[PDB]
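Before any questions on binding or motion, here is one chain by itself as structure tokens, the form deposited in one PDB entry.
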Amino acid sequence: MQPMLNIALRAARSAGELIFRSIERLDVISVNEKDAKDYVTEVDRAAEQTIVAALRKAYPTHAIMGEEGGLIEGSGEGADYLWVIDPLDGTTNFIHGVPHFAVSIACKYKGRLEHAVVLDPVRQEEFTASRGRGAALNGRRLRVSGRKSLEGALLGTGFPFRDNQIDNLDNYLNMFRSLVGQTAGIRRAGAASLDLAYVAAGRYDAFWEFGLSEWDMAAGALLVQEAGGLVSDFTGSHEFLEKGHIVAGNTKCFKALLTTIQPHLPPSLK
């Protein structure tokens, strides 16, 4: 891999080790729900510090973006590079003790995905990719599935909003209803980055979600493109990071899933 992807990978590993070590005290701390959520914010910030420290040791002039910290611009040539970091994808799973969550690290050069790490530290699954270098899971070269249609497909989605609102719920369930009929299953495991990784690995045949922020999609999107898959927003265009709505799949199941949800979209998602 590129030295840059190796540094992203090593960062993701250190953060995942700290997050992994952090899940034990939760069931002990879980008795105070608000104090438990405060603790998870603190674990997330410790994970962000671990990632940023490792990245900035190799590239102190790069720009960095996170949910909480926002955009910190670079300097010189480094102004062109942007690290998009989600230190813990699947915070609801994490607070409940559900072992399915991940560190997510993307590197963008002039707005285009260059490098991606999605790291499951419980299963110790390291998903990696660089633009034009392909995708891998623990060093095994990854490829999207061969499935030709939604019949007998396994699809993923989520509902990533921090409150259950009826407009988002109605539109979400409209699409869900329309998408059940044929599939071998529909999966809601609760971490967008792992869903996109699973499409890249051939474990899922397609994935769709709206309401996502860039840090939840960026790495998974490169994994899927480098796996020979397709990624778009709900209009079929390439602004999934900016719009928050994404369809990702193998080529055929991507097209069928994108076409299937259009009749159910409000103009908001068009």
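Here the rigid core means the biggest group of C-alpha atoms that line up within 1.5 Å when the two forms are laid on top of each other. Numbers for residues come from their place in the sequence shown, where the first is 1. Shifts are known only where both forms have a C-alpha.
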So 210 to 218 or 36 to 44, which one's hotter by mean CA B-factor in the entry? 36 to 44
Could you check the entry and say whether 225 to 233 or 24 to 32 has the higher mean CA B-factor? 24 to 32
So if I compare the CA B-factors in the entry for 73, 114, 120, 89, which one is the largest? 73
Peak C-alpha temperature factor (PDB record), options 103, 106, 192, 79: 79
Taking the C-alpha B-factors as the PDB entry records them, is residue 98 in the lowest, middle or highest third of its chain? lowest
Third of chain Cα B-factors occupied by residue 158: middle
Third of the chain, ranked by Cα B-factor, where residue 125 sits: middle
Going by the CA temperature factor in the PDB record, which third of the chain does residue 180 belong to: lowest, middle or highest? highest
Entry-reported C-alpha B-factor of residue 199 relative to its chain, by third, is lowest
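What comes next is about the form deposited in another entry, which is not displayed.
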With the two forms aligned on their rigid core, point out which item of 140, 162, 177, 96 shifts its C-alpha by 2 Å or more between the shown form and the other one. 162
Comparing between the shown form and the other one on the rigid core: C-alpha of residue 63 shifted by 2 Å or more? no
After a rigid core superposition, would you say the CA of residue 235 moves by 2 angstroms or more between the shown form and the other one, or not? no
Does the distance between the two CA positions of residue 29 reach 2 Å or more between the shown form and the other one, the core being superposed? yes
Change in CA distance between residue 212 and residue 165 in the other entry, which is 3 Å or more, as closer or farther: closer
Cα separation of residue 101 and residue 31 in the other entry versus here, shift of 3 Å or more: closer
Fit the two forms on the core and write out the ranges of at least 3 consecutive residues whose every CA moves by 2 Å or more between the shown form and the other one. 27 to 31, 160 to 166
